[PDB]
Amino acid sequence: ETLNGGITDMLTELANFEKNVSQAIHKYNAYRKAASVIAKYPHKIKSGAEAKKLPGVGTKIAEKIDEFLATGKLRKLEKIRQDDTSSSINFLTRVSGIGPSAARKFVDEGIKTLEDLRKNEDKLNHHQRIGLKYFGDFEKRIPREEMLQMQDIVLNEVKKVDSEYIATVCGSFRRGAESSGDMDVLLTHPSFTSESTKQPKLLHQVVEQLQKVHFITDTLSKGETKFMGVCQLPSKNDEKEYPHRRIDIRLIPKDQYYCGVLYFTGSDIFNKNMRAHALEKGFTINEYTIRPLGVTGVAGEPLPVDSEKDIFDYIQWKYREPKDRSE
DNA sequence: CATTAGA
DNA sequence: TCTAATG
Ligand code: NA
Ligand code: NA
C-alpha cells in the first residue's frame, strides 16, 4: 500500500503504456499481474532478485525493479513520458469516444491536438463529435449541489410520464459524495421484468420526456435498454449557464432492481465485501440477483427481492445506509 | 461484461 | 459480422 508504492505505480505506468501506445496486450497484461503481486508482498523489496522470487515476476521486470531501486527513476519510463507521439495518444484518449484504436489512428494521420481534431471534425463520429464539443464540461466534476437539482428534475418527469416508474440515482451520489463525475439513473418498471418481453418504449418514453423539456440535449447513444447522453440545468436568470453533463439511464426488469440498485451504489469495496460475506452466509450475489448456495459446489434459484433490505436480511447483515456503504 | 455504433 | 468504446 506504500512500502511497495513506487514499484506498483512504476509498473502500471509501464503496463498502461504497452496497452495504449503499443498494442502489447500481453506485455501489458504482464506488467499488471506483477504490479499486482508485488503489491500484496508484505515486505520492502530490496532488489530485483528479491522480487523475482515472485510469481509473474520475470527477468524483464526484475531488471526494471533494480534500476528503479538503484536510481530514483527509469529511462524507459523517462523516454515514454517524453515521447510526443506517445504523449499524443494519452491525450486524444480523453476525448469521449476516443479510444486507443482511434488515438493511434488519429495520430498516424497527424491529428495530435485538440485543434487538430477540430479542423477535421469530419474524420470524427457523432460520439466523438459531442465529445469534442464538451471536452471542458466533460472533464469537470459535478457538485452534489447540482446532483441535487438534477436528480429532482429527473424524478419529476419520470413521474410525470408514468407514476408507476422507479428511478434511482446510483453511484457515489447516492453514497453522499461531495461531488460526482456523471449521473447514473437506474430505471425500472413493474410492467418490465426478467421474462415480460420488453417494452422498449418504457425507455424511450422517458428519454423523450427529458428532451422535451431540455434536460437532455444530446444523444450519445440510445438503445432499447440503455440510453447514454448529455444534459444541462436550465441556465437561470442569466449570467451563469450550466456545463454539459454526461448522463446515463438504463431499463431494468423490476424483478432485478435492488440487486442492481445495491451493486451500482458501491463502493466497489463494500460490494466485494458484502459479496464475500454472502458466500459464507450460503449465498451468491451478482449485479442482478442472489442465489442460495448448494453444497455440490454450486447452486441456482434466485431469491425474491423487494428492497435493499431483502438482500441484507438474506445474508443476515446490518442494513447499511448508503451513506456508510463506503466499504 | 454487456450494450451500442458503425462500417 | 466484427471491432471499438463506455461503464
Ligand atoms: Na517467479
Ligand atoms: Na476517451
# chains A, B, ... in the order shown; residues from 1 in each chain; ligands from 1
>>> interface_residues(of="chain C", to="chain A", cutoff="9 Å", atoms="only C-alpha atoms (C1' of nucleotides)", output="number ranges by chain")
C: 4-6
>>> interface_residues(of="chain B", to="chain A", cutoff="10 Å", atoms="only C-alpha atoms (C1' of nucleotides)", output="list in words")
residues 3, 4, 5 and 6 of chain B
>>> write_last_selection(atoms="C-alpha atoms (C1' of nucleotides)", output="PDB file, in the first residue's frame")
ATOM      1  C1'  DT B   3     -24.621  -2.920 -24.539  1.00  0.00           C
ATOM      2  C1'  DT B   4     -24.484   0.207 -28.690  1.00  0.00           C
ATOM      3  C1'  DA B   5     -22.340   2.098 -33.157  1.00  0.00           C
ATOM      4  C1'  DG B   6     -20.533   1.530 -37.172  1.00  0.00           C
TER       5       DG B   6
END
>>> closest_residue(among="A:33, A:27, A:53, A:119", to="ligand 1", atoms="only C-alpha atoms and all ligand atoms")
A:53
>>> residues_near_ligand(ligand="ligand 1", cutoff="6 Å", atoms="only C-alpha atoms (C1' of nucleotides) and all ligand atoms", output="number ranges by chain")
A: 52-58
>>> select_by_dssp(residues="region 168-276 of chain A", states="helix (DSSP H, G or I)", output="compact mmCIF listing (two decimals) with C-alpha atoms, in the first residue's frame")
# COMPACT_ATOMS: atom_id res chain seq x y z
CA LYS A 201 -40.86 2.27 -25.21
CA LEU A 202 -40.55 2.01 -21.44
CA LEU A 203 -37.14 3.55 -22.00
CA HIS A 204 -37.97 5.68 -24.84
CA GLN A 205 -40.85 7.42 -23.10
CA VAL A 206 -38.59 8.96 -20.56
CA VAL A 207 -35.78 9.97 -22.81
CA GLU A 208 -38.13 11.83 -24.88
CA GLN A 209 -39.72 13.30 -21.77
CA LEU A 210 -36.41 14.67 -20.62
CA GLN A 211 -35.63 16.16 -24.06
CA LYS A 212 -38.99 17.65 -24.40
CA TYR A 257 -33.76 -3.72 -9.33
CA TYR A 258 -32.41 -3.83 -5.74
CA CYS A 259 -29.51 -6.07 -6.58
CA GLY A 260 -28.60 -3.80 -9.42
CA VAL A 261 -29.52 -1.00 -7.21
CA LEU A 262 -27.25 -2.26 -4.45
CA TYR A 263 -24.48 -3.04 -6.73
CA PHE A 264 -24.13 0.16 -8.83
CA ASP A 268 -16.51 -1.20 -5.17
CA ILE A 269 -15.20 -2.44 -1.85
CA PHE A 270 -18.47 -2.52 0.06
CA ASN A 271 -19.70 -4.64 -2.62
CA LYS A 272 -16.88 -7.07 -2.83
CA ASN A 273 -17.03 -7.19 0.96
CA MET A 274 -20.74 -7.84 1.44
CA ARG A 275 -20.49 -10.18 -1.52
CA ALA A 276 -17.64 -12.05 0.08
>>> residues_around(residues="residue 115 (chain A)", least_positions_apart="4", cutoff="12 Å", atoms="only C-alpha atoms (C1' of nucleotides)", output="number ranges by chain")
A: 92, 110-111, 119-121, 132-133, 135
>>> write_last_selection(atoms="N, CA and C atoms", output="compact mmCIF listing (two decimals), in the first residue's frame")
# COMPACT_ATOMS: atom_id res chain seq x y z
N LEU A 92 -5.46 12.33 -26.62
CA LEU A 92 -6.52 12.14 -27.57
C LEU A 92 -7.54 11.20 -26.93
N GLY A 110 -1.85 12.53 -38.26
CA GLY A 110 -1.22 13.83 -37.92
C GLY A 110 -2.09 14.71 -36.96
N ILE A 111 -3.26 14.13 -36.60
CA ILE A 111 -4.22 14.75 -35.68
C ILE A 111 -3.68 14.46 -34.30
N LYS A 119 -10.29 20.86 -36.82
CA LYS A 119 -10.01 21.08 -38.22
C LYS A 119 -10.57 19.93 -39.02
N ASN A 120 -10.65 18.76 -38.37
CA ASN A 120 -11.14 17.56 -39.02
C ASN A 120 -12.29 16.88 -38.34
N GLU A 121 -13.27 17.67 -37.93
CA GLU A 121 -14.44 17.17 -37.28
C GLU A 121 -15.18 16.18 -38.14
N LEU A 132 -16.07 15.97 -28.53
CA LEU A 132 -15.25 17.06 -28.91
C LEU A 132 -15.76 18.38 -28.43
N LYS A 133 -17.00 18.50 -28.55
CA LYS A 133 -17.69 19.72 -28.17
C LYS A 133 -17.60 20.05 -26.71
N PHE A 135 -15.61 18.86 -24.36
CA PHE A 135 -14.39 18.41 -23.78
C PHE A 135 -14.22 18.96 -22.36
>>> closest_residue(among="A:293, A:170, A:155, A:247", to="residue 267 (chain A)", atoms="only C-alpha atoms")
A:170
>>> atom_distance(atom1="CA of residue 254 (chain A)", atom2="CA of residue 318 (chain A)")
24.1 Å
>>> closest_residue(among="A:198, A:129, A:189, A:323", to="ligand 2", atoms="only C-alpha atoms and all ligand atoms")
A:129
>>> atom_distance(atom1="CA of residue 28 (chain A)", atom2="CA of residue 16 (chain A)")
6.6 Å
>>> select_by_dssp(residues="region 109-236 of chain A", states="strand (DSSP E or B)", output="VMD selection string")
chain A and resid 142 to 143 166 to 170 179 to 180 183 to 189 216 to 222 226 to 231
>>> write_last_selection(atoms="C-alpha atoms", output="compact mmCIF listing (two decimals), in the first residue's frame")
# COMPACT_ATOMS: atom_id res chain seq x y z
CA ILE A 142 -20.45 17.56 -10.73
CA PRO A 143 -21.28 19.36 -7.44
CA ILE A 166 -38.99 3.91 -10.20
CA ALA A 167 -35.80 5.73 -10.67
CA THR A 168 -32.83 5.79 -8.63
CA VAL A 169 -29.77 7.79 -8.99
CA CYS A 170 -26.99 5.36 -8.07
CA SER A 179 -19.01 15.56 -6.00
CA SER A 180 -19.62 13.20 -8.83
CA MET A 183 -25.20 10.96 -13.15
CA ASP A 184 -26.29 7.35 -13.27
CA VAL A 185 -30.01 6.78 -13.37
CA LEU A 186 -31.16 3.24 -12.64
CA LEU A 187 -34.60 2.58 -14.05
CA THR A 188 -37.34 0.06 -13.78
CA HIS A 189 -40.97 -0.56 -14.15
CA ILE A 216 -31.41 16.03 -22.32
CA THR A 217 -29.70 17.76 -25.11
CA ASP A 218 -27.73 15.13 -26.85
CA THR A 219 -27.82 11.51 -27.64
CA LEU A 220 -24.56 9.68 -27.39
CA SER A 221 -26.40 6.53 -27.70
CA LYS A 222 -29.80 5.25 -27.42
CA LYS A 226 -29.56 1.71 -22.18
CA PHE A 227 -29.61 5.32 -23.06
CA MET A 228 -26.29 7.24 -22.85
CA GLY A 229 -26.26 11.06 -23.11
CA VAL A 230 -25.51 14.66 -22.17
CA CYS A 231 -27.60 17.10 -20.07
>>> closest_residue(among="A:37, A:315, A:24, A:287", to="residue 2 (chain B)", atoms="only C-alpha atoms (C1' of nucleotides)")
A:287
>>> atom_distance(atom1="CA of residue 9 (chain A)", atom2="CA of residue 114 (chain A)")
27.8 Å
